[PDB]
Every structure is written in structure tokens, then in C-alpha cells.
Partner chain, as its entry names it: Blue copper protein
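First, one chain by itself in C-alpha cells, the form solved without the partner chain.
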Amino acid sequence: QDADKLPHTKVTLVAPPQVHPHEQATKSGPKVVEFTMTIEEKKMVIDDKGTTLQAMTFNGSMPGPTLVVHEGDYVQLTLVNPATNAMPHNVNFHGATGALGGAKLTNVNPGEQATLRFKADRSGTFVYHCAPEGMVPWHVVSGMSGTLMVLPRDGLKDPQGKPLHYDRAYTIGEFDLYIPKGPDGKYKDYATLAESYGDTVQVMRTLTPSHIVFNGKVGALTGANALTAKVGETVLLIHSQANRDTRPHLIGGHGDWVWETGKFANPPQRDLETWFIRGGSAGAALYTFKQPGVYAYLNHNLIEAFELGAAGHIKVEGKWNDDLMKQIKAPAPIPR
């Protein structure tokens, strides 16, 4: 429990919506778990009308990858800011204690890197996000956030202490975007990141997003990119929102056990239709599929989901169960 004397392990991160391989309950003692992330500023196409965002990311994606450790472990992150970027960046882990979540110890200009270590002494899903002095909201709404999941060493439990397991974990980052429009009513397109700043701050101040998207763009988690599962399988759905409130809902399903405030030492609530993720936090829900078909997983402000983008799909294979639901009479002429 002096970290300098514990065993170290290096973890290879994977892009959302997947989550790197990890153990739930573990017999291992505490470890220093080492991760590396490289910041990439890049222009991204965020809708099907050609709208672009002068975006800023951890590891090339929105959200950044999910990092998974166990309660008692130490997180050790090397943060790299290449010389091909234009702005300075840093990282604030909501799961850490002190120095503005680590931000004060990780201020890196383009061409620099830094390494931070902190004790992950609290279980739960926590946001991590960039927070450079003087430009915090701009870096966060441009894409710089992701989740740290700290699992209890004994794995997740229900309100009575019974063991809960998941077969697969998915991570969904929800981003309220503020794209400026010009006097012709079209969204603006900037040559550089610094040029989008002033216009973007004015839109931010109205508190009305132009778009609200899951994982970087409208329909990101649809079509070939839909989430997948099978009847009988239990999924863990991690949902982060670093700037604004959201209310997740699984259409045709439920939140079997949900930690909406995302902290695993608290008992979960069961049978939720819709849950609430406070801006500045990550929460987690378990669901075991009982019916096959296409589900929608969305923010249940329905204008925010269908008009502004905050909706994805989960394609589930398996056998239909008529005891749970059955069409008694299909659509047909009204008896006259």
C-alpha cells in the first residue's frame, strides 16, 4: 500500500464503444496500473449534412477511451501533447484527490508530455476531462472527456450484497455541441481550431446546443456500428456527460440495476424506465436481454434524441418470447 513497492502492469486501451479487457472480481492485490494517452486536435464531420466540428480529443476519439482499475489500485497516466497540436491541455480525473483532480500537475504544451499517479480509493464510474486555465468549457464541449471505471475488488453487488456480473461492457459519451452559424443560416467551417473559438463561446452562452451526439456524430452507434448482444446476455452500459444533464433510456428494455450517480458503494435502484446522469458525471446500468430485435438507447428528451442526435441502436439476436409480449390482433380494419 506504498505504491512505490507494488507490482506495475501496463494496459492497452481500446476505442469506444468497447472497453479494454479486465477482470470484475479479482484475487490480485493492489497494483500500479499504467496507461498512456495522446491528444489529437482534429476536424470531424458530425452529421449527415456535412457539418464539421473543430474538435479536440483524447486518443483520437469522442469520448476518450474508458480506463478500468480496481478499488485500491493506483492509476498512472502518461499524457502526451504532440507538436502537431496548437493548444495546451491537461487532465482532471474526478476519481482522484487533490491538485484540481491532477490538472495542476499535467499542464502540457504542444511538444510536451507528463506522468501523474493517483490512488483510486473510491469505486464507481468517474468522468476525466481536460481543463486548461481560462478555456475549460471550450475544451470539454469540443470533445475532451471520457470515463475511469473503478470496480470494487469483489465485483459489483446488489442492495443485499448478492453478486452481479456483466458479460460485455459498452461505453457511451454524450456530447452537447455548440456549432456557430454565419449570417446565411449555414453552420460555419473553420480552417483552424483557434479560429472557431470566439464564435463558439457566443453559442455556448445561449445554453442551447446545435447538436447532441453519442460517440462523436449523429448516428455513430447505428447501422454497421450498432451495439450488439444476445438474449440471455447481461450488458453494462457506461454513460458519461461532462457538461450537461442527460436521461438515458433503453426502448423495449429497462435499467435492471442502476447507479445513476455512478458510485458502486451505494446500493443500485432496480426496474428503472429512465435514469439521470448529472452534467459532470458518469453512471452505469446493467440489463439482461430477454427479447431479440433492434432496441434504441437514447436521451429521453425526445427532441434531444431524434432532432439533435442523442440516440443509438442495440441489435439483439435470439428467440422471441410470447409470454413477455404478444400481438393478439395485428393492425386491421375497425369492426363496423
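Residue numbers count along the first chain shown, from 1.
One more form of this protein, deposited with the partner chain bound, exists but is not displayed; see below.
Peer 1: Within a 4.5 Å heavy atom cut-off, is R153 in contact with the partner chain in the deposited bound form?
Peer 2: No, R153 sits far enough from the partner chain in the deposited bound form that none of its heavy atoms falls within 4.5 Å.
Peer 1: Please determine whether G232 contacts the partner chain in the deposited bound form, using a 4.5 Å cut-off between heavy atoms.
Peer 2: Contact with the partner chain, yes.
Peer 1: Taking the partner chain as it sits in the deposited bound form, which residues of 300-325 have a non-hydrogen atom within 4.5 Å of it? Please list them.
Peer 2: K319, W320, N321, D322, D323, in sequence order.
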